[PDB]
>>> print(open('run_5.cif').read())   # mmCIF, C-alpha atoms and all ligand atoms
data_coords
loop_
_atom_site.label_atom_id
_atom_site.label_comp_id
_atom_site.auth_asym_id
_atom_site.auth_seq_id
_atom_site.Cartn_x
_atom_site.Cartn_y
_atom_site.Cartn_z
CA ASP H 11 -22.71 -10.10 -7.37
CA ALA H 12 -21.21 -12.75 -5.09
CA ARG H 13 -19.86 -15.07 -7.79
CA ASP H 14 -16.76 -12.83 -8.13
CA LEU H 15 -15.52 -13.32 -4.56
CA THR H 16 -12.06 -14.69 -3.88
CA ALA H 17 -11.67 -18.28 -2.68
CA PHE H 18 -10.67 -16.99 0.76
CA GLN H 19 -13.79 -14.80 0.95
CA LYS H 20 -16.04 -17.67 -0.13
CA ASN H 21 -14.46 -19.86 2.55
CA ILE H 22 -15.32 -17.31 5.23
CA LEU H 23 -18.92 -17.42 4.03
CA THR H 24 -18.84 -21.23 4.12
CA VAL H 25 -17.59 -21.16 7.72
CA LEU H 26 -20.40 -18.79 8.73
CA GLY H 27 -22.93 -20.95 6.91
CA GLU H 28 -22.37 -23.48 9.67
CA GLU H 29 -23.10 -20.92 12.41
CA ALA H 30 -22.24 -17.39 13.47
CA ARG H 31 -18.74 -17.17 14.92
CA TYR H 32 -16.31 -14.85 16.65
CA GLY H 33 -13.44 -13.64 14.51
CA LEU H 34 -10.93 -15.87 16.29
CA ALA H 35 -13.20 -18.89 15.79
CA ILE H 36 -13.40 -18.19 12.04
CA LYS H 37 -9.61 -18.04 11.93
CA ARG H 38 -9.17 -21.47 13.50
CA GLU H 39 -11.88 -22.95 11.25
CA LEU H 40 -10.02 -21.64 8.21
CA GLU H 41 -6.69 -22.92 9.56
CA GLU H 42 -8.15 -26.41 9.98
CA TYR H 43 -9.25 -26.20 6.33
CA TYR H 44 -6.01 -24.85 4.88
CA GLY H 45 -3.66 -26.79 7.15
CA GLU H 46 -1.54 -23.67 7.70
CA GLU H 47 -1.69 -20.44 9.69
CA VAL H 48 -4.15 -17.73 8.66
CA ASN H 49 -2.74 -14.32 9.52
CA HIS H 50 -4.82 -11.75 11.39
CA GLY H 51 -4.03 -9.27 8.60
CA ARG H 52 -5.53 -11.56 6.00
CA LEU H 53 -8.75 -12.47 7.81
CA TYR H 54 -9.94 -9.22 9.27
CA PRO H 55 -9.66 -6.96 6.20
CA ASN H 56 -11.61 -9.59 4.29
CA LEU H 57 -14.25 -9.71 7.02
CA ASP H 58 -14.51 -5.92 6.60
CA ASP H 59 -14.94 -6.36 2.83
CA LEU H 60 -17.72 -8.92 3.26
CA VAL H 61 -19.46 -6.64 5.76
CA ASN H 62 -19.27 -3.75 3.31
CA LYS H 63 -20.58 -5.96 0.50
CA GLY H 64 -23.63 -6.73 2.64
CA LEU H 65 -22.83 -10.45 2.95
CA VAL H 66 -21.82 -10.51 6.63
CA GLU H 67 -23.11 -8.64 9.69
CA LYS H 68 -20.85 -7.74 12.60
CA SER H 69 -22.01 -7.70 16.24
CA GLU H 70 -19.70 -5.89 18.65
CA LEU H 71 -19.60 -7.82 21.93
CA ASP H 72 -16.55 -6.08 23.41
CA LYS H 73 -13.54 -4.04 22.43
CA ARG H 74 -11.40 -6.62 20.56
CA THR H 75 -14.23 -9.14 20.07
CA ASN H 76 -17.02 -9.35 17.50
CA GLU H 77 -19.41 -12.00 16.23
CA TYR H 78 -19.93 -12.41 12.50
CA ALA H 79 -23.02 -13.89 10.85
CA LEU H 80 -24.33 -14.33 7.34
CA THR H 81 -26.87 -11.84 6.08
CA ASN H 82 -29.71 -13.08 3.88
CA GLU H 83 -27.56 -12.05 0.90
CA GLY H 84 -24.60 -13.93 2.33
CA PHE H 85 -26.62 -17.10 2.79
CA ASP H 86 -27.95 -16.71 -0.76
CA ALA H 87 -24.35 -16.56 -1.97
CA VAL H 88 -23.47 -19.75 -0.08
CA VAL H 89 -26.50 -21.65 -1.39
CA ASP H 90 -26.03 -20.30 -4.92
CA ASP H 91 -22.47 -21.64 -5.17
CA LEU H 92 -23.46 -24.96 -3.57
CA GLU H 93 -26.25 -25.37 -6.14
CA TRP H 94 -23.90 -24.62 -9.01
CA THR H 95 -21.28 -27.03 -7.64
CA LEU H 96 -23.88 -29.78 -7.23
CA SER H 97 -25.41 -29.14 -10.66
CA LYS H 98 -22.01 -29.95 -12.15
CA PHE H 99 -21.01 -32.76 -9.79
CA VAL H 100 -24.27 -34.75 -9.86
CA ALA H 101 -23.59 -36.01 -13.37
CA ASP H 102 -24.78 -39.64 -13.12
CA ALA H 103 -26.22 -42.13 -10.65
CA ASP H 104 -22.83 -42.87 -9.10
CA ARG H 105 -22.30 -39.18 -8.34
CA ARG H 106 -25.81 -38.92 -6.89
CA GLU H 107 -25.13 -41.83 -4.54
CA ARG H 108 -21.76 -40.36 -3.53
CA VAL H 109 -23.34 -37.06 -2.45
CA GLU H 110 -26.26 -38.82 -0.74
CA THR H 111 -23.70 -40.75 1.32
CA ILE H 112 -21.68 -37.62 2.20
CA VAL H 113 -24.81 -35.82 3.38
CA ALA H 114 -26.20 -38.80 5.32
CA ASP H 115 -22.90 -39.40 7.08
CA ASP H 116 -22.58 -35.68 7.86
CA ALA H 117 -26.07 -35.78 9.34
CA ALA H 118 -25.28 -38.89 11.39
CA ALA H 119 -22.35 -37.10 13.04
CA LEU H 120 -24.49 -34.15 14.19
CA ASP K 11 -1.95 -27.29 -2.72
CA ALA K 12 -5.44 -27.94 -4.08
CA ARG K 13 -7.01 -26.07 -1.18
CA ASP K 14 -4.90 -23.02 -2.20
CA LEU K 15 -6.34 -22.69 -5.72
CA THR K 16 -8.03 -19.48 -6.86
CA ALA K 17 -11.81 -19.36 -7.15
CA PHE K 18 -11.40 -19.25 -10.94
CA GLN K 19 -9.21 -22.34 -10.99
CA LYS K 20 -11.59 -24.20 -8.66
CA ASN K 21 -14.48 -23.29 -10.99
CA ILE K 22 -12.56 -24.77 -13.93
CA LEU K 23 -12.20 -28.00 -11.96
CA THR K 24 -15.94 -27.90 -11.18
CA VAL K 25 -16.75 -27.53 -14.89
CA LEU K 26 -14.57 -30.51 -15.80
CA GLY K 27 -16.12 -32.55 -12.99
CA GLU K 28 -19.30 -32.59 -15.05
CA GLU K 29 -17.43 -33.87 -18.13
CA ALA K 30 -14.34 -33.36 -20.26
CA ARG K 31 -14.53 -30.27 -22.46
CA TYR K 32 -12.72 -28.33 -25.18
CA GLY K 33 -11.15 -25.06 -24.07
CA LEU K 34 -13.86 -23.04 -25.80
CA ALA K 35 -16.56 -25.09 -24.08
CA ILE K 36 -14.96 -24.41 -20.68
CA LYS K 37 -15.00 -20.71 -21.49
CA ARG K 38 -18.72 -20.59 -22.16
CA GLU K 39 -19.58 -22.67 -19.08
CA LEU K 40 -17.60 -20.20 -16.96
CA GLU K 41 -19.21 -17.24 -18.74
CA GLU K 42 -22.64 -18.66 -17.95
CA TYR K 43 -21.57 -18.98 -14.30
CA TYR K 44 -20.06 -15.49 -13.96
CA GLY K 45 -22.62 -13.81 -16.21
CA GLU K 46 -19.77 -11.92 -17.84
CA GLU K 47 -17.19 -12.53 -20.55
CA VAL K 48 -14.08 -14.55 -19.73
CA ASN K 49 -11.03 -13.50 -21.73
CA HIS K 50 -8.83 -16.08 -23.46
CA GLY K 51 -5.86 -14.45 -21.70
CA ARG K 52 -7.33 -15.46 -18.34
CA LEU K 53 -8.66 -18.93 -19.12
CA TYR K 54 -5.77 -20.52 -20.93
CA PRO K 55 -2.89 -19.53 -18.62
CA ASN K 56 -4.98 -20.88 -15.74
CA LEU K 57 -5.61 -24.13 -17.58
CA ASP K 58 -1.88 -24.43 -18.15
CA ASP K 59 -1.33 -23.93 -14.40
CA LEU K 60 -3.81 -26.70 -13.56
CA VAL K 61 -2.12 -29.03 -16.04
CA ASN K 62 1.25 -28.21 -14.48
CA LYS K 63 -0.19 -28.97 -11.05
CA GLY K 64 -1.36 -32.41 -12.21
CA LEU K 65 -5.05 -31.62 -11.69
CA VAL K 66 -6.05 -31.44 -15.37
CA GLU K 67 -4.85 -33.39 -18.39
CA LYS K 68 -4.67 -31.78 -21.83
CA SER K 69 -5.41 -34.16 -24.71
CA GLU K 70 -4.21 -32.54 -27.93
CA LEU K 71 -6.71 -33.64 -30.55
CA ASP K 72 -6.61 -33.36 -34.32
CA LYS K 73 -6.44 -29.93 -35.96
CA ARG K 74 -5.71 -27.49 -33.16
CA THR K 75 -8.47 -28.50 -30.76
CA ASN K 76 -7.59 -29.44 -27.18
CA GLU K 77 -9.80 -31.29 -24.72
CA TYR K 78 -9.28 -30.94 -20.98
CA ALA K 79 -10.25 -33.44 -18.31
CA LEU K 80 -9.76 -33.94 -14.60
CA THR K 81 -6.99 -36.20 -13.47
CA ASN K 82 -7.52 -38.46 -10.49
CA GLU K 83 -5.86 -35.72 -8.41
CA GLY K 84 -8.18 -33.15 -9.94
CA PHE K 85 -11.25 -35.22 -9.12
CA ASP K 86 -9.94 -35.66 -5.57
CA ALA K 87 -9.74 -31.86 -5.23
CA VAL K 88 -13.34 -31.39 -6.44
CA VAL K 89 -14.70 -34.01 -4.01
CA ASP K 90 -12.58 -32.68 -1.14
CA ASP K 91 -13.96 -29.16 -1.64
CA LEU K 92 -17.51 -30.51 -1.92
CA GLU K 93 -17.11 -32.55 1.25
CA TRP K 94 -15.81 -29.55 3.18
CA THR K 95 -18.60 -27.32 1.82
CA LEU K 96 -21.22 -29.92 2.72
CA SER K 97 -19.76 -30.53 6.18
CA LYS K 98 -20.33 -26.84 6.95
CA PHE K 99 -23.69 -26.45 5.22
CA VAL K 100 -25.38 -29.58 6.59
CA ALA K 101 -25.73 -28.14 10.08
CA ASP K 102 -29.25 -29.40 10.93
CA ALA K 103 -32.16 -31.40 9.52
CA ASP K 104 -33.57 -28.59 7.38
CA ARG K 105 -30.16 -28.01 5.80
CA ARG K 106 -29.90 -31.71 5.04
CA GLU K 107 -33.38 -31.72 3.51
CA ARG K 108 -32.51 -28.78 1.24
CA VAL K 109 -29.34 -30.46 -0.06
CA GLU K 110 -31.11 -33.77 -0.61
CA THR K 111 -33.78 -32.01 -2.67
CA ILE K 112 -31.13 -30.24 -4.80
CA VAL K 113 -29.31 -33.51 -5.43
CA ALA K 114 -32.47 -35.44 -6.27
CA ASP K 115 -33.77 -32.74 -8.62
CA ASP K 116 -30.40 -32.58 -10.37
CA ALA K 117 -30.34 -36.35 -10.80
CA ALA K 118 -33.93 -36.35 -12.07
CA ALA K 119 -33.09 -33.82 -14.79
CA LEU K 120 -30.33 -36.03 -16.21
CL CL H 201 -9.45 -16.51 -5.44
CL CL H 202 -8.19 -16.48 -2.16
CL CL H 203 -17.57 -18.26 18.13
CL CL H 204 -13.37 -10.70 16.54
CL CL H 205 -12.58 -17.55 20.38
CL CL H 206 -2.47 -16.15 5.93
CL CL H 207 -7.29 -5.50 10.56
CL CL H 208 -19.61 -24.19 -3.27
CL CL H 209 -26.87 -23.31 -10.66
CL CL H 210 -29.86 -40.94 -11.18
CL CL H 211 -18.80 -40.78 -7.84
CL CL H 212 -10.45 -16.08 -8.67
CL CL H 213 -14.95 -21.18 -6.60
CL CL H 214 -16.35 -29.97 -25.49
CL CL H 215 -11.29 -20.60 -27.05
CL CL H 216 -16.84 -25.79 -28.68
CL CL H 217 -0.63 -29.64 -7.02
CL CL H 218 -1.60 -33.22 -19.97
CL CL H 219 -14.35 -32.12 4.91
CL CL H 220 -32.14 -24.51 5.17
#
>>> encode(input="run_5.cif", output="structure tokens", more="lines below")
Ligand SMILES: [Cl-]
Ligand SMILES: [Cl-]
Ligand SMILES: [Cl-]
Ligand SMILES: [Cl-]
Ligand SMILES: [Cl-]
Ligand SMILES: [Cl-]
Ligand SMILES: [Cl-]
Ligand SMILES: [Cl-]
Ligand SMILES: [Cl-]
Ligand SMILES: [Cl-]
Ligand SMILES: [Cl-]
Ligand SMILES: [Cl-]
Ligand SMILES: [Cl-]
Ligand SMILES: [Cl-]
Ligand SMILES: [Cl-]
Ligand SMILES: [Cl-]
Ligand SMILES: [Cl-]
Ligand SMILES: [Cl-]
Ligand SMILES: [Cl-]
Ligand SMILES: [Cl-]
Amino acid sequence: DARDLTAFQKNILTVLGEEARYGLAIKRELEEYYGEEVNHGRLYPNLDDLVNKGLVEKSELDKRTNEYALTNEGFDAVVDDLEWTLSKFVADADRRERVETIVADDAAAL
Amino acid sequence: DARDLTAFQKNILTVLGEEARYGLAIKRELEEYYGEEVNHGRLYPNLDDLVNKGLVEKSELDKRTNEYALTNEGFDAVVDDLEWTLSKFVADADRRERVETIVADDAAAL
């Protein structure tokens, strides 16, 4: 089950929900989120874990470079947690309008 | 600091984003999420941590019942996580359509 993942592992999945990324690209995406450095020794063992759990697939481009992508299971985990989060956040009309605005503005910036 | 919370602590904040709740009520909402029992020894020390961080307020009610609610800081942390999650998930028009359906269905069920 994916609901037991650590916050750091879920954030990797969130990053890859946007698009498949090289390991180094995931690291900088996480660093922009956390506002502090993400060590190589924290990211890559957790990438390994998610690959072994069946949530991420690894494509070997070169020695010292790989691309990571969500599996179907991984995407299901991302959508499952988003649904649960929204089921609790969308608690009244004001909350509905707030999310509608977030999504619309996110779309506009694409 | 809020972006450094554990998955369990973030899930507590999510639960209280829906509405204020007694400790016992938080426990069962989390149990429904995880599909497994949540021990008192895990929930309550984490609630105390969130209170100490200023993200939850503990209202001590009559006769040994406590009710927990988000502070303004706690609500900020829930929205900030949701915005980051949505910024990564809403990557194209089909992703936007899926989120908008989830939000609308949730609102309709209220
Ligand atoms: Cl965690
Ligand atoms: Cl973590
Ligand atoms: Cl990349
Ligand atoms: Cl890599
Ligand atoms: Cl790169
Ligand atoms: Cl780190
Ligand atoms: Cl490594
Ligand atoms: Cl989520
Ligand atoms: Cl759900
Ligand atoms: Cl509504
Ligand atoms: Cl709101
Ligand atoms: Cl956790
Ligand atoms: Cl979480
Ligand atoms: Cl309650
Ligand atoms: Cl209890
Ligand atoms: Cl109760
Ligand atoms: Cl804090
Ligand atoms: Cl308090
Ligand atoms: Cl964001
Ligand atoms: Cl989609």
>>> residues_around(input="run_5.cif", residues="region 72-88 of chain K", least_positions_apart="3", cutoff="10 Å", atoms="all atoms listed in the file", output="ChimeraX atom specification")
/H:95,99 /K:11-13,15,20-36,57,60-61,63-69,91-93
>>> residues_near_point(input="run_5.cif", point="(-30.6, -30.6, 4.8)", cutoff="12 Å", atoms="only C-alpha atoms", output="PDB file with C-alpha atoms, keeping the file's coordinate frame")
ATOM      1  CA  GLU H  28     -22.370 -23.480   9.670  1.00  0.00           C
ATOM      2  CA  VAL H  89     -26.500 -21.650  -1.390  1.00  0.00           C
ATOM      3  CA  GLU H 110     -26.260 -38.820  -0.740  1.00  0.00           C
ATOM      4  CA  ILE H 112     -21.680 -37.620   2.200  1.00  0.00           C
ATOM      5  CA  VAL H 113     -24.810 -35.820   3.380  1.00  0.00           C
ATOM      6  CA  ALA H 114     -26.200 -38.800   5.320  1.00  0.00           C
ATOM      7  CA  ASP H 115     -22.900 -39.400   7.080  1.00  0.00           C
ATOM      8  CA  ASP H 116     -22.580 -35.680   7.860  1.00  0.00           C
ATOM      9  CA  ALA H 117     -26.070 -35.780   9.340  1.00  0.00           C
ATOM     10  CA  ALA H 118     -25.280 -38.890  11.390  1.00  0.00           C
ATOM     11  CA  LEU H 120     -24.490 -34.150  14.190  1.00  0.00           C
TER      12      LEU H 120
ATOM     13  CA  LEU K  96     -21.220 -29.920   2.720  1.00  0.00           C
ATOM     14  CA  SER K  97     -19.760 -30.530   6.180  1.00  0.00           C
ATOM     15  CA  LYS K  98     -20.330 -26.840   6.950  1.00  0.00           C
ATOM     16  CA  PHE K  99     -23.690 -26.450   5.220  1.00  0.00           C
ATOM     17  CA  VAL K 100     -25.380 -29.580   6.590  1.00  0.00           C
ATOM     18  CA  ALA K 101     -25.730 -28.140  10.080  1.00  0.00           C
ATOM     19  CA  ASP K 102     -29.250 -29.400  10.930  1.00  0.00           C
ATOM     20  CA  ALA K 103     -32.160 -31.400   9.520  1.00  0.00           C
ATOM     21  CA  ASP K 104     -33.570 -28.590   7.380  1.00  0.00           C
ATOM     22  CA  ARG K 105     -30.160 -28.010   5.800  1.00  0.00           C
ATOM     23  CA  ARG K 106     -29.900 -31.710   5.040  1.00  0.00           C
ATOM     24  CA  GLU K 107     -33.380 -31.720   3.510  1.00  0.00           C
ATOM     25  CA  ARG K 108     -32.510 -28.780   1.240  1.00  0.00           C
ATOM     26  CA  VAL K 109     -29.340 -30.460  -0.060  1.00  0.00           C
ATOM     27  CA  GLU K 110     -31.110 -33.770  -0.610  1.00  0.00           C
ATOM     28  CA  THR K 111     -33.780 -32.010  -2.670  1.00  0.00           C
ATOM     29  CA  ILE K 112     -31.130 -30.240  -4.800  1.00  0.00           C
ATOM     30  CA  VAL K 113     -29.310 -33.510  -5.430  1.00  0.00           C
TER      31      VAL K 113
END
>>> residues_near_ligand(input="run_5.cif", ligand="ligand CL 201 (chain H)", cutoff="9 Å", atoms="all atoms listed in the file", output="ChimeraX atom specification")
/H:14-20 /K:14-20
>>> atom_distance(input="run_5.cif", atom1="atom CL of ligand CL 207 (chain H)", atom2="CA of residue 55 (chain H)")
5.2 Å
>>> closest_residue(input="run_5.cif", among="H:70, H:62, H:52, H:40", to="chain K", atoms="only C-alpha atoms")
H:40
>>> atom_distance(input="run_5.cif", atom1="CA of residue 45 (chain K)", atom2="CA of residue 90 (chain H)")
13.5 Å
>>> residues_near_ligand(input="run_5.cif", ligand="ligand CL 206 (chain H)", cutoff="8 Å", atoms="only C-alpha atoms and all ligand atoms", output="list in words")
residues 46, 47, 48, 49, 50, 51, 52 and 53 of chain H
>>> closest_residue(input="run_5.cif", among="K:71, K:56, K:42, K:37", to="chain H", atoms="all atoms listed in the file")
K:42
>>> atom_distance(input="run_5.cif", atom1="atom CL of ligand CL 205 (chain H)", atom2="CA of residue 58 (chain H)")
18.1 Å
